[PDB]
Each structure stands twice: as structure tokens, then as C-alpha cells.
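These notes concern the structure reproduced below.
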Amino acid sequence: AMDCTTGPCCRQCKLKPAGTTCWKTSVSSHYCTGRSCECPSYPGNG
């Protein structure tokens with residue numbers, strides 16, 4: 001049982017706040033939509 005939702009959008013076990021850089025990968029920067037714990041596959045700067 002793991003309801004933490006591991007991922008880049010998940011600080012560790014809590015859906016990061018929307019409009020907050022979760023990934024910010026040097027090769028690809030994105031943002032969390034406070035909807036899931038998995039950052040999208042697109043940059044959030046528009």
C-alpha cells in the first residue's frame with residue numbers, strides 16, 4: 001500500500017502546490033498543477 005504518489009511533482013508524499021516548479025530539469029523545466037504528483041511533459045511558462 002503506497003498512497004504517496006511518488007514522482008517529481010510529489011515533494012515526497014504530498015501533491016506539490018499548483019503553479020510551483022516541481023521538475024525544473026536543466027534539460028526540461030515544468031510546473032505542478034496541484035492536481036497530481038507527476039509533473040507534466042510540458043513547460044509551464046505560458
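Residue numbers are given in the deposited numbering: position 14 of the sequence shown equals residue 14, and the series is strictly consecutive. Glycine is no exception: its CB is placed at the ideal position from the N, C-alpha and C atoms.
Notebook entry, point to check: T5 to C39, Cα distance in whole Å?
Noted result: Taking the first residue of the sequence shown as 1, we reach residue 5 at position 5. Taking the first residue of the sequence shown as 1, we reach residue 39 at position 39. Straight-line Cα distance between these residues: approximately 11 Å.
Margin query: So, at 8 Å on beta carbons, what are the nonlocal neighbours of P43 in its own chain, with the 5 sequence-adjacent residues on each side left out?
Written below: On the sequence shown, residue 43 is found 43 positions in, with the first residue counted as 1. So the list reads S28, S29, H30 and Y31, once near-sequence residues are dropped.
Item checked: As assigned by DSSP and simplified to three states, the class of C10 -> Here the question's residue 10 lines up with position 10 in the sequence shown. Strand at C10.
Next item on the list: Please state whether DSSP places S36 in a helix, a strand or coil.
Entry: Along the sequence shown, read from residue 1 onward, the residue named residue 36 stands at position 36. Correct three-state label for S36: coil.
Note to self: Restricting to Cα atoms, I'd like to know which of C37, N45 and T33 is closest to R11.
What the structure shows: Within the sequence shown, the letter at position 11 stands for residue 11. The candidate whose alpha carbon is nearest that of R11 is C37.
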